[PDB]
Amino acid sequence: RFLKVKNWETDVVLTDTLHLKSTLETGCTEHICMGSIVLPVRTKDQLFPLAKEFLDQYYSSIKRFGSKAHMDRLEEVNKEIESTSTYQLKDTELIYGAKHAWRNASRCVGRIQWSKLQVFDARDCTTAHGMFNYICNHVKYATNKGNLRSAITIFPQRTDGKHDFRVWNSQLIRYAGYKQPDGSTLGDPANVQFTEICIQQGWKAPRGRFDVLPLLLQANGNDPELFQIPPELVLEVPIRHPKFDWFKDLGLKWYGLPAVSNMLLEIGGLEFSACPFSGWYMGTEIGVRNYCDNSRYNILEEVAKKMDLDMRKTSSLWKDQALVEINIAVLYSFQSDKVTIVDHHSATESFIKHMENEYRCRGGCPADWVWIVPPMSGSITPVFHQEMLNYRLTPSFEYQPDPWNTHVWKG
Amino acid sequence: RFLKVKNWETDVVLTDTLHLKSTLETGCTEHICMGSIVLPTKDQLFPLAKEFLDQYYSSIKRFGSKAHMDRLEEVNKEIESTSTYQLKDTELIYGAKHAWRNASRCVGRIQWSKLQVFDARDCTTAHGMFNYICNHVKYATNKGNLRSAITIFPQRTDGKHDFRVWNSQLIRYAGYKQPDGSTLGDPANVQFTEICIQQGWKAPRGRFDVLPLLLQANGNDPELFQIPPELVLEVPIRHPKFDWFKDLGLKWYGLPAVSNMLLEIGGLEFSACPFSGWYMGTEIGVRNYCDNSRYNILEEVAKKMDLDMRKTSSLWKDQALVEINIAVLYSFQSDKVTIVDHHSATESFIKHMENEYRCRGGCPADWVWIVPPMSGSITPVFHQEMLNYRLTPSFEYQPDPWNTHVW
Ligand code: HEM
Ligand code: HEM
Ligand SMILES: CNCc1cccc(OCc2ccc3ccc(N)nc3c2)c1
Ligand SMILES: CNCc1cccc(OCc2ccc3ccc(N)nc3c2)c1
Ligand SMILES: C[C@H](O)[C@H](O)[C@H]1CNc2nc(N)[nH]c(=O)c2N1
Ligand SMILES: C[C@H](O)[C@H](O)[C@H]1CNc2nc(N)[nH]c(=O)c2N1
Ligand SMILES: [Zn+2]
């Protein structure tokens, strides 16, 4: 069964055959669409077919489907599963898996880069200190003095779910958030809960507006431990505006390396609960969401005052105006410091090309319109006018519950 | 089976039971979501009638009453007899208001109950239709103090006697393809502008020519009619800081009056039911003016502002897009023509959502359409989880008449 998507700006029609290889559920039914819903210990019983499907995929990709190497590998995995209840991926399979998980991430606009991913195998890691070391190396390699390089570090896979490796931080580098007695928030409100945990775990908080959070690291199902990323490894960028000289006085900065660390990587049925990965920022992530979301730094007001906009009526579009200047400032600051960033026009334009290439070479490209379209200026980017089809392929990146809600404390 | 939606800005969680009433299909499946896809007999009829009458009589607190049962009996008999049936005025008004109430893509639904319904089911000719439409336009315009309205033409019989308004809106600008390769006026209307000419229209070949009406009564061939200019309220577009803006020669009409949809009530089909409300600023400034496949004026506006259009990263398009949208709102408000900005409208919709969750058990909503085409995440709807599902009465898309007309 074939499915067509239409770009309403170009009338380019594309045909999806890849959605047929999809197994996992969407949340949607014939009677309801959950397209805008944010989020809608395993036995041998289901493991081998999941392993087999992955290995069929891998061996097709390397043009060896049906080969003796293919068959022997299938046999070998089967035996290891029934003997040990799990299996180990080869390095080749791991690398292939991680890249394909990124390729399959329907909410990621940056996927044109998917084949250039540096995979760090951390499956020999055993302790939190070991995790700290690997992560430091990840940060140094990925940052590369501002010339950012996509990377992922993969810690050991889940066994019984009682020995999980987890990075408790949602991103490797994030700023602290502190709730004040007067109800106000100092720093990043998104991080208040996590900041509190760190403080409780013994972190001495400087209590500033931009304190880089410590790493909270869990190895082998043990209680997490605190570590401080060496500051010389944390690249930051002062935010100024090219024409507005007062903008620097807002005292804003951001870190250069977006490195998501709370997701779960699924490959051939194996679960990698600690797999921190990094790319580089699209400007709007910082300039629209991180600064201008009301539940975040929320600086639209102060920026608007300083611009002397008519803030009396919303129909002056003072919010829109201030939002653009902040986003201009973010891009300017990063470019000026030679730190890799991409604007939402460039990234969406690249995504469309990538998407079309994926349709031709792969039979489709699953894409979540709700997340692909940038959070400002939607319809003046070409993704807005692009019909997309959303469905789930493995290998994949999945959400997982926050470890503090599930963890069994050792003491 | 009882579904929750969360607002991630406020943590407010609403619970949806209304979705369980849904009948029609979304296009999505368990394996694939089609949320961003633009277009996904007597025995059929009586359950459809029943369902509607059931909800109508429940709405007036007379569910399971003599009046209810009688009407059910009467309609059942009339279906058995006539192979169709007619709505009571009360049912017609209720049905139309609820079609709007159910329009999951409409951000303006907080106004749903205040719809003026014009029953035009006595209409027999295109001239008649023209008269009715002129009355609608005049009433809804109200000298700039716009009032929502719908005019309902006779329901489908055997699909050979269809009433249709061939225009997609009662008021739209013509589009012409030049030999020069470009396009003058509105590119979206190039084909319809052609069919007007093919049918006998005399285009002024301008840039903002109000298109004539193309009216089809009783399945007959469509006829042309020129809306009295005095009934077409237009707004010259000027910027409250940039005096050069007026030299762009831009204007827009005050009355958005969608005329190409199909109204379904109780299984009955109204192929001709033009309706109108008032504009959200972005509809004109973002989509109509700055869409590449539309007036596409971003380039020229940017130049006039002397922005560094060398690199996308200067965000010059974004800057121009804002000012353009400032100007649209400024012009309408100055001329006292009703308009709403995307902030006010989205805020209103959140309140309406909460009202509906509170008083109806939910509110079908298509995030992809509700979130405005600029400044998305600084409007409250962006952070609002929504559930999309189809309820009846409803407005539906329908094929363009020319692709279908048995001439
Ligand atoms: C290299 C430059 C990259 C750019 C510019 C980019 C861009 C983005 C953006 C803007 C989002 C939406 C984030 C949000 O609004 O919350 C996103 C989501 C996502 N990205 Fe990428 N990305 C890049 C690299 C990567 C890499 C290297 C990976 C993994 C190896 C990845 C995997 C994902 C996943 C799984 C999501 C969905 C997150 C979720 O479900 O909440 N991306 N990306
Ligand atoms: C009174 C003020 C109103 C406002 C501000 C408003 C706003 C909007 C907007 C912005 C859209 C998106 C349209 C687009 O991007 O093309 C829309 C769609 C829609 N509106 Fe409303 N509207 C109003 C009144 C009405 C009325 C009176 C009706 C019917 C009686 C209606 C029915 C619909 C329907 C069916 C759609 C979806 C059409 C489609 O699927 O393309 N609206 N509305
Ligand atoms: C539930 N949504 C919030 C949430 C929770 C957990 C991870 C996450 O990731 C967003 C994300 C993921 C990967 C990215 C890679 C690069 C980049 N510039 N941004 C990126 C942003 C987002
Ligand atoms: C599918 N998009 C094109 C298309 C086809 C058919 C109807 C339609 O109408 C959109 C629409 C409908 C009703 C509206 C009422 C008020 C308003 N300001 N805009 C409105 C916009 C739009
Ligand atoms: C409710 C809604 O689904 C939610 O706010 C989503 C919308 N689209 C998004 N898109 C991106 N890229 N990132 C996000 O966090 C969100 N949030
Ligand atoms: C491809 C995509 O579905 C298309 O551009 C949609 C997206 N959202 C929209 N939203 C509104 N309000 N109006 C539209 O015409 C569209 N078009
Ligand atoms: Zn869906």
Side-chain angles (χ1 to χ4, degrees), chain A residues 8 34-40 102 105 107-111 113 142 148 150 152 169-171 190 256-264 276-286 288-290 293 295 340-342 344 347 368-375 378 383 397-400 402, chain B residues 5-9 35 37-39 100 103 105-109 111 140 146 148 150 168-169 188 254-262 274-284 287-288 338-340 345 365 367-371 376-377 379-386 395-398 400:
Chain A
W8 284 80
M34 306 228 303
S36 75
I37 308 299
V38 177
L39 13 100
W102 181 9
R107 293 179 168 170
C108 181
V109 70
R111 283 179 285 164
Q113 288 290 334
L148 277 48
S150 306
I152 181 168
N169 312 61
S170 52
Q171 296 174 27
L257 183 66
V260 170
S261 55
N262 56 1
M263 288 189 94
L264 184 150
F277 55 80
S278 64
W280 52 80
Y281 265 119
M282 177 163 82
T284 51
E285 305 183 69
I286 314 168
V288 190
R289 310 307 311 286
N290 300 354
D293 274 4
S295 71
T340 303
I341 198 163
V342 64
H344 52 282
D368 183 342
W369 192 102
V370 164
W371 285 64
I372 292 295
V373 179
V383 292
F397 290 109
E398 296 292 337
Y399 295 113
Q400 56 184 338
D402 290 322
Chain B
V5 288
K6 164 172 176 181
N7 185 292
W8 290 81
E9 185 193 348
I37 302 294
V38 172
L39 323 153
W100 186 7
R105 289 187 165 161
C106 175
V107 67
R109 279 176 284 164
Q111 287 285 295
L146 304 202
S148 300
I150 176 151
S168 54
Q169 300 174 28
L255 191 75
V258 163
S259 51
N260 68 350
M261 292 191 83
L262 189 153
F275 55 83
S276 67
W278 55 80
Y279 266 122
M280 177 157 75
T282 55
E283 285 183 274
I284 307 172
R287 300 307 308 290
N288 299 350
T338 308
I339 194 161
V340 67
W367 192 102
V368 167
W369 285 65
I370 299 290
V371 173
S377 82
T379 64
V381 289
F382 185 90
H383 314 266
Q384 180 66 61
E385 291 188 347
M386 304 170 192
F395 295 103
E396 295 298 333
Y397 301 91
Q398 77 189 320
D400 282 334

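Atoms within a ligand are numbered from 1 in the order they appear, just like the ligands themselves. Each chain gets a letter, A, B and so on, in the order the sequences are listed, and its residues count up from 1.
For atom 3 (C) of ligand 4, the nearest protein heavy atom lies 4.0 Å or farther away. Taking a distance limit of 4.0 Å, we find that atom 13 (C) of ligand 3 is approached by some protein heavy atom. Of the protein's heavy atoms, none falls inside 4.0 Å of atom 22 (C) of ligand 3.
Scanning all protein heavy atoms for the shortest distance to atom 3 (O) of ligand 5 gives A/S36 O, 2.7 Å. For atom 2 (C) of ligand 5, the closest non-hydrogen atom on the protein side is B/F382 O, 3.3 Å. For atom 15 (O) of ligand 5, the closest heavy atom belonging to the protein is A/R289 NH1, 3.2 Å. Closest to atom 19 (N) of ligand 4, if we only count protein heavy atoms, is B/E283 OE2, 2.6 Å.
If you number the atoms of ligand 3 from 1 as listed, the ones under 4.0 Å from a heavy atom of A/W280 come out as 17 (C), 18 (N). Against a heavy-atom cut-off of under 4.0 Å, A/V260 is close to the following atoms of ligand 3: 7 (C), 9 (O), 11 (C), 12 (C), 13 (C). Ligand 3 places these atoms under 4.0 Å from at least one heavy atom of A/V38: 1 (C). Within ligand 3, the atoms closer than 4.0 Å to a non-hydrogen atom of A/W371 are 2 (N), numbered from 1 in the order shown. Interface of B/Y279 with ligand 4, defined as ligand atoms under 4.0 Å from a residue heavy atom, comprises 18 (N).
Of the heavy atoms in A/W102, none comes closer than 4.0 Å to ligand 3. For A/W8, no heavy-atom contact with ligand 4 is shorter than 4.0 Å. Neither the backbone nor the side chain of B/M386 has any atom closer than 4.0 Å to an atom of ligand 5 (non-hydrogen atoms only). The side chain of A/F277, and not its backbone, has at least one atom closer than 4.0 Å to an atom of ligand 3 (non-hydrogen atoms only; side chain from C-beta on). Contact annotation for A/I372 and ligand 5: no heavy atom of the residue comes within less than 4.0 Å of the ligand.
Aromatic ring centres of B/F275 and B/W100 lie farther apart than the 6.0 Å criterion allows.
Considering backbone and side-chain N/O of A/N262, none are found under 3.5 Å from N/O of ligand 3. Residue A/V370 has at least one nitrogen or oxygen atom sitting less than 3.5 Å from a nitrogen or oxygen atom of ligand 5, judged on distance alone. Considering backbone and side-chain N/O of A/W371, one or more are found under 3.5 Å from N/O of ligand 5.
Just one of A/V373, A/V288, A/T284 meets the side chain to side chain contact (heavy atoms under 4.5 Å, CB included) condition when paired with A/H344; it is A/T284.
When side chains are defined from C-beta on, A/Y399 does not count as touching A/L264, because their heavy atoms never get closer than 4.5 Å.
Nearest heavy atoms, A/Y281 versus A/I341: O-CG1, 3.2 Å.
Within the structure, ligand 3 has A/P258 among the residues with a heavy atom less than 4.0 angstrom away. Within the structure, the closest approach of B/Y397 to ligand 4 falls below 4.0 Å when heavy atoms are considered.
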